[PDB]
Amino acid sequence: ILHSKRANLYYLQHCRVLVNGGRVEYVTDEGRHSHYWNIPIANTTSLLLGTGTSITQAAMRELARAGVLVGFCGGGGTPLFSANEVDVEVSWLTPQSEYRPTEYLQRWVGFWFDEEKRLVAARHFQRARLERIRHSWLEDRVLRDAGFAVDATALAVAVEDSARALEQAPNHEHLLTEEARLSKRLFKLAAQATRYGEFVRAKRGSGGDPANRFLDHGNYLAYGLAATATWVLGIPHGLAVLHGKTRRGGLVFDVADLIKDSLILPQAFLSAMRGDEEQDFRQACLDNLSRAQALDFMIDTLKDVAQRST
DNA sequence: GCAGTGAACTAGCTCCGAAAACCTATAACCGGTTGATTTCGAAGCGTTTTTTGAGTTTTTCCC
C-alpha cells in the first residue's frame, strides 16, 4: 500500500478514518489486523484517501496536530482530486505549524525565467524519457513474455538517432517536433509488433478503435500520477519546462511525458489486441505503473533537475 | 481591454502520386532535277481594314 517509498505516501481504501479516544482509528473489514495500523503518523507521512472511504473532521484535527498532508484520489490512486497545499520554505515565512515546508519551488523559480536554463531542463527531461523507453522496451522482457515482441535493431537505431538529435537544435520549437517524429515512429513500431495493422493517432478523443480509447485512458491515468508527483513537490502546475508557457496545466503534461511511451503505449496496444475490457485495461495499467516505480521515478527526476539547474 | 478560442505555424520524415523529363521510330518534310504555264513583285499614294490599344460596363464566376 506504500504508494511511493520516496515520499512516504500511503493509499487507503475500503475504510473509514475516525478518531476514538483521541487516536485516529481505521474502521475496516479486517479490524485489528489491517495493515493501516502500521501507518506512521508524523510530519513525514502523507495520506491518499482512495475509493470507498470517508474521514471525520476530528481526524482532520488530529492529523493537523501531527502535520500530515491529506489528499483524495480515485481508484488505484491515479486521478488526484483534492489535497492540502504544501508550504514553501523561505526566510520570511516562519510559522511553527509543524508541517515540513518544501524548498523546491524556490529552486524552480530561481531558473524558470532564464530561457537558456529552461531549455537545458527540457533537454534533461527528454534524456530521461528516452532512456526509459530503451529500458522498458528492451532491457526488461516482461513485455516480451506478455506478447509485445518487437524488433530491437530498428528501435535502438531510432532511439540512438533521436538522442543524438536532442543534444542539438536551438530552441524548444525543435525539441517538440523531434519528439513528435520519434512518437510517430514508435507508434508504427508498436503497431507492427502487435499486428494491429495500420494505426493513425487521432486526438481530442475522436477515435473509435480500441487502441485510441485505451491510449486516452492510459494518458489520463499518467496525468493523474504526475499531478500527485508535483503536489508532493509543491510545484504549481503552471511552471512548465517543455510545454508552452501559456498552457493551462503544462507542467503535469511535461512530467506525464516520461512514462506515456514507456509504460502506457505498449499496454494500450497489448490490451486492444487481447480484446480486454476497459476495466481490465485500467487494472493492467495500474499494475504496470506499480511495477515500474513510476511515481518515484518522476519524483527523482524533478528533484534531479532542480539540483542540476543550480 | 479583457478572456477565450481557433487559425497559422513549426522538421523532417518516409511514403505516396503526379507532372516532368528523356528515348525511339519514322512520316512528314528536305534537296535535287525540267520548263511552259501562271503567279508574284520593283514605288508609292489613297482607300479600307485590321488589330492592336484603351477604357470600361457588364456579365459571369466563385465563395
# chains A, B, ... in the order shown; residues from 1 in each chain; ligands from 1
>>> closest_atom_pairs(of="chain B", to="chain A", cutoff="12 Å", atoms="only C-alpha atoms (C1' of nucleotides)", output="CSV")
residue,atom,partner,partner_atom,distance
B:9,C1',A:173,CA,10.7
B:10,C1',A:173,CA,6.5
B:11,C1',A:177,CA,6.3
B:12,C1',A:181,CA,7.7
B:13,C1',A:181,CA,7.5
B:14,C1',A:185,CA,10.3
>>> write_last_selection(atoms="N, CA and C atoms (P, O5', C5', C4', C3', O3' and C1' of nucleotides)", output="CSV table (one decimal), in the first residue's frame")
chain,number,residue,atom,x,y,z
B,9,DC,P,1.0,30.5,-42.4
B,9,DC,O5',1.9,29.7,-41.4
B,9,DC,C5',2.6,30.4,-40.3
B,9,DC,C4',3.2,29.4,-39.3
B,9,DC,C3',4.0,28.3,-40.0
B,9,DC,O3',5.3,28.6,-40.2
B,9,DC,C1',2.8,27.6,-38.0
B,10,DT,P,6.3,27.6,-41.0
B,10,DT,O5',6.9,26.7,-39.8
B,10,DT,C5',7.6,27.4,-38.7
B,10,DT,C4',7.9,26.4,-37.6
B,10,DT,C3',8.7,25.1,-38.1
B,10,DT,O3',10.0,25.2,-37.6
B,10,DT,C1',6.9,24.6,-36.6
B,11,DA,P,11.3,24.6,-38.4
B,11,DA,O5',11.8,23.4,-37.6
B,11,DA,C5',11.1,22.2,-37.5
B,11,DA,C4',12.0,21.0,-37.7
B,11,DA,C3',12.9,21.0,-38.9
B,11,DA,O3',14.1,20.3,-38.7
B,11,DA,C1',11.0,19.5,-39.1
B,12,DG,P,15.2,20.2,-39.9
B,12,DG,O5',14.9,18.7,-40.4
B,12,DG,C5',14.8,17.6,-39.6
B,12,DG,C4',13.9,16.5,-40.1
B,12,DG,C3',14.3,16.1,-41.5
B,12,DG,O3',15.0,14.9,-41.5
B,12,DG,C1',11.9,16.2,-41.1
B,13,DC,P,15.2,14.0,-42.9
B,13,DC,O5',14.0,13.0,-42.8
B,13,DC,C5',13.6,12.4,-41.6
B,13,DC,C4',12.2,11.8,-41.7
B,13,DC,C3',12.0,10.9,-42.9
B,13,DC,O3',12.1,9.5,-42.5
B,13,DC,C1',10.1,12.4,-42.5
B,14,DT,P,13.5,8.7,-42.6
B,14,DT,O5',13.4,7.8,-43.9
B,14,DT,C5',12.4,8.1,-44.9
B,14,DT,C4',11.1,7.5,-44.5
B,14,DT,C3',10.5,6.5,-45.6
B,14,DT,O3',9.8,5.4,-45.0
B,14,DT,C1',9.1,8.4,-45.4
>>> select_by_dssp(residues="range 90-192 of chain A", states="helix (DSSP H, G or I)", output="MDAnalysis selection string")
chainID A and resid 104:112 115:139 142:146 153:166 172:192
>>> select_by_dssp(residues="range 79-241 of chain A", states="strand (DSSP E or B)", output="list in words")
residues 80, 81, 82, 83, 88 and 102 of chain A
>>> write_last_selection(atoms="N, CA and C atoms", output="compact mmCIF listing (two decimals), in the first residue's frame")
# COMPACT_ATOMS: atom_id res chain seq x y z
N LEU A 80 -5.93 12.42 -8.99
CA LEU A 80 -5.85 13.15 -7.73
C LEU A 80 -6.85 14.30 -7.76
N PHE A 81 -7.88 14.21 -6.92
CA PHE A 81 -8.94 15.21 -6.94
C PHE A 81 -8.56 16.44 -6.12
N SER A 82 -8.38 16.27 -4.81
CA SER A 82 -8.15 17.39 -3.92
C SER A 82 -7.11 17.02 -2.88
N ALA A 83 -6.41 18.02 -2.37
CA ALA A 83 -5.34 17.79 -1.41
C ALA A 83 -5.05 19.08 -0.68
N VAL A 88 5.91 26.58 1.57
CA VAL A 88 7.12 26.95 0.85
C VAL A 88 8.15 27.39 1.87
N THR A 102 8.59 22.74 2.01
CA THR A 102 9.44 22.19 0.97
C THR A 102 9.99 23.31 0.09
>>> atom_distance(atom1="CA of residue 198 in chain A", atom2="CA of residue 211 in chain A")
11.1 Å
>>> closest_residue(among="A:99, A:111, A:21, A:92", to="residue 305 in chain A", atoms="only C-alpha atoms")
A:111
